[PDB]
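In the block that follows, a single chain appears as structure tokens, in the form deposited in one PDB entry.
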């Protein structure tokens, strides 16, 4: 019933207004890139203008970068035509945040999304496994229902609880239709959601949310459903 679009979140005044009549999620800090505490060229042959004209893919599936899960930079053999800079160009799919029967807010496809399609970056604060643990107990002491945690690399856990983006409304499903993929962008590892199937317009977007220890009941609906979240 109550949905909103990506751009609803860029006005804090308007949003906190919609927050008070439950037509938008609880407020948080919207970010495009990741917060921290401190922290090599493509090899495809160029396409012509003749080949740009029929829309044939620049740095498509045969690209040494793409295949190592490393995004091109500005100085790539296809430059602007290069299609393997999806993170940097924020080439996100069309998604609305929706309200789910029992899961809190969720994410649905506003159009048909083909398989292996960049949905969004999971952005947030990047913590070392000390900070993260302090935070887990801080949040358990706060009795926060929801949990916005994810491992990135050894001693690097991304926490969207306070600061983050609409990727954090992605819900679990024991039979999902997206997966995480870890990508390098200027030698900084980044993590985005990518579709694993042909999600129809209107359908909820879901992944296999894996995490440590009150194990939460799972309402994914799916047949052959674990029954609880975790691992």
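Rigid core: the largest C-alpha set superposing within 1.5 Å between the two forms. Positions refer to the first chain, counted from 1.
Omitted here: the form deposited in another entry. The next part is about that form.
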field: Displaced residue check between the shown form and the other one: residue 156, CA, 2 Å or over, core reference
entry: yes
message: Given a superposition on the rigid core, I'd like a yes or no on whether residue 109 shifts its C-alpha by 2 Å or more between the shown form and the other one.
response: no
message: How about residue 73 - superposed on the rigid core, does its CA move between the shown form and the other one by 2 Å or more?
response: no
